[PDB]
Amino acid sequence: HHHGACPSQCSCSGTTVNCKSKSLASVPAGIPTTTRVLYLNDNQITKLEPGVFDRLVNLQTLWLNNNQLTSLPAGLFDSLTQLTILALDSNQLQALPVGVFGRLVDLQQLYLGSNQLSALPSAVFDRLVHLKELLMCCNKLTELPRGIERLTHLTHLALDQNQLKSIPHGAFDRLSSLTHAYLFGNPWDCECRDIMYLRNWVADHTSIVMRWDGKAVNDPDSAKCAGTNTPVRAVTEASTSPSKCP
């Protein structure tokens, strides 16, 4: 290199900075402002300093997955207006701050799977008008996050392996571009008449309901009534009650 630009412990080509799997405990200093792709995944990063990405206005892809993050500072991504892919999966995130994605108006893919999220700010997805993939398996969600119902460009939505018991009426009706919907691994409450929306939705969308074995597997029987092998799509009206709702 007839000129510097690559942090210690990373490898760089073009506008890519690759610090993946480098045994890092923190974000390296001196990442160039011209960087478009930043790999910080598969490290031991436990916190991100407020402002650490403020300079990186040209970032299109940011991989922070497979670290040890438990929270994000407010405003962390506010500079990243060009960002189209953000991966935060396989961390220990217990909350998201208000407005954390508010400036990411060009975002297309958001990975939040394998964290400890139990609830989310109500407007957390509201500015993500172009979003195509929202992957949130393997958290602690007990209700469908408000806002997903308005993400009309979604092709991929993963909600599997949470603690969801039902889907609010009509919640998926605007999501007419879905090709992959992951719903398995939730304790769907088939006692409650509220399940009939999900029952009918799966019945009407059997080709897009998926499970995951390393790749997508079409299986509309994979959304099951809690504790049983009974598919939610097979639930009868007669078997539900307008008052076993939790």
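In this text, residue numbers run from 1 along the sequence as written.
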{"item": "Stretch exceeding the other in mean C-alpha B-factor - 128-136, 156-164", "value": "128-136"}
{"item": "Of 88-96 and 116-124, the one with larger mean CA B-factor", "value": "116-124"}
{"item": "C-alpha B-factor winner, where the candidates are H205, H180, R193, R211", "value": "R193"}
{"item": "Third assignment of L62 from its chain's C-alpha B-factors", "value": "middle"}
{"item": "Among modelled residues of the same chain, the CA temperature factor third for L175", "value": "highest"}
{"item": "Lowest, middle or highest third - CA B-factor, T34", "value": "highest"}
{"item": "Chain thirds of CA B-factor: placement of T142", "value": "lowest"}
{"item": "For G185, the third of its chain into which the C-alpha B factor falls", "value": "lowest"}
